[PDB]
Amino acid sequence: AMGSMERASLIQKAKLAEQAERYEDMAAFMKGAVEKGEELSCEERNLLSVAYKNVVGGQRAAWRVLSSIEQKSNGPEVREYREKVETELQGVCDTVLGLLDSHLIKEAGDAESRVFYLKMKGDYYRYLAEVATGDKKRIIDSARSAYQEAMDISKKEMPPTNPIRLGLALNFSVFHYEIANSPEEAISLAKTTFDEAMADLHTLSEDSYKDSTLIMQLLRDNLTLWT
Amino acid sequence: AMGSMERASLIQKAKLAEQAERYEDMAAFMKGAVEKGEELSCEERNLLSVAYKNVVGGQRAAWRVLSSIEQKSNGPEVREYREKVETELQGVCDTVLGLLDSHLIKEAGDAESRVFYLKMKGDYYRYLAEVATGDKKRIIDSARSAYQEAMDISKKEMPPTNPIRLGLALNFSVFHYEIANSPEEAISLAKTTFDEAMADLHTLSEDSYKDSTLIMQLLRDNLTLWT
Amino acid sequence: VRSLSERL
Amino acid sequence: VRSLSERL
Ligand SMILES: N=C(N)c1cc(-c2ccccc2)c(CNC(=O)Cc2ccc3c(c2)OCO3)s1
Ligand SMILES: N=C(N)c1cc(-c2ccccc2)c(CNC(=O)Cc2ccc3c(c2)OCO3)s1
Ligand SMILES: [Mg+2]
Ligand SMILES: [Mg+2]
């Protein structure tokens, strides 16, 4: 439905939707922009990610509420409604994965863009894994493979303080702890990421230092919760 | 699309949607319940109101953000997107007004139900008036007429501390101040409502006292802002 | 600031 | 409590 709107207008409307907290509209505008077929800039990649993170985040929060109610009850209404929300969540994840596969990842040559999209791929397979059962194994391996490829590129091409590299390592650690039942892998990754970033902070400007230390704080918070 | 679901299941799903903060779903379930053609209980009326208040509240907040951006700019994007949100808001208000007119109000014989629905009618015409221009006059008179009929019934049939009567008077005072450019009418209504409720608190149980005083606090907050 | 209306 | 992932 966005095929008749100019790319630049879709991006401008995504920025307005963000200010208006209209995240479903924001995601639709950014999907339209991606479907124009041009690569996305750093700012545009962040708009895409913010839009879908907010949409799927609301769905995940709703699914967790309904799943909790359903687990305590063990009529069909709670199960039926949890299934409805689950199907909608899976549809949003499939949409994002489809944009990544057709054709954002294959056209991303720079490390910053390729790592960003591969991290997103890991994240949306992770959200699928949160609701999957038994099928679950295959989704988990898809998330792991995307995160691992992103990690390999990021370690070769980015400094340890780069915010994309840090956010990737953070989310992969969450994958290990919450999805893959590998809490020791999660703790090891978070600790090594934190320590390597700490030792690189001296190279950063005041602004970059703030960016990197904010994400490092999340690594430390998880380590506190996990140990 | 809800015509094939049992009334009781729609109500149960509305309650679940509320807990999951899925207010669009909640509104759709309650619309489906209303369209079964039976009158609504007090609890069901509150579910209907909560669902649509949350849906239109998000739209109103977005419209205000976009209208503010549009006013500062004076390309077509901000206007076009504000118009899109405005049209969606008007559609939600028209849906609620249509449920009230077909046929909730005419079937409401008790004062509690008739006052509740007439207040809702005033509220959704008020939300239409917030975005209307010039057409604006006719919407304003429709809101005023609904609120006034509700007031007349409430003064004859309910005590001054009844929460529906208090919320009606509160919202009618907001109408006078923000929509009808009648700030002195707003102040007079809020003051008289507050004082008459104060003098009736002695009749209430501890629970009812808490209910009534919470709404009275909003009357006092407005009087502070308005004077 | 805007006036406060009935809360849920 | 659940683990914290990357924030916007
Ligand atoms: N509209 C939006 N939402 C954004 C637009 C742009 C933008 C990008 C390029 C040019 C112009 C704008 C954004 C830039 N954000 C980042 O690059 C990542 C980041 C870095 C450090 C952090 C952090 C996140 O969280 C904790 O510390 S966000
Ligand atoms: N699911 C929901 N949202 C609700 C279900 C029921 C319910 C009603 C009847 C039977 C069972 C449940 C609700 C009852 N609320 C009121 O009647 C109005 C009210 C009174 C005093 C106040 C106030 C609002 O705000 C400030 O003080 S709300
Ligand atoms: Mg073009
Ligand atoms: Mg039936």
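Numbers here mean position along the shown chain, with the first residue as 1.
Keep in mind that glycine also has a Cβ here, set from the backbone N, Cα and C atoms.
Checked against Swiss-Prot, the residues A:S9, A:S67, A:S142, A:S188 yield a single entry marked phosphoserine: A:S9.
Within its own chain, the expression tag (A:1-4) is flanked in space by residues 10, 28-29, 31-33, 35, which lie at least six positions past its ends and keep a Cβ under 8 Å from the stretch. According to DSSP, the secondary structure content of the expression tag (A:1-4) in residues is 0 helix, 0 strand, 4 coil. Long-range C-beta contacts of A:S9 (phosphoserine), restricted to its own chain and to partners at least six residues apart, with a cutoff below 8 Å, are absent. Across the 7-residue gap left unmodelled in the deposited entry, the distance from the Cα of A:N74 to the Cα of A:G75 comes to 11 Å. Ranked by how many other Cβ atoms sit within 10 Å of their Cβ, the recorded sites A:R60, A:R126 place A:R60 at the bottom. Listed recorded positions (A:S9, A:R60, A:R126) with a CB under 8 Å from any chain B CB: A:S9.
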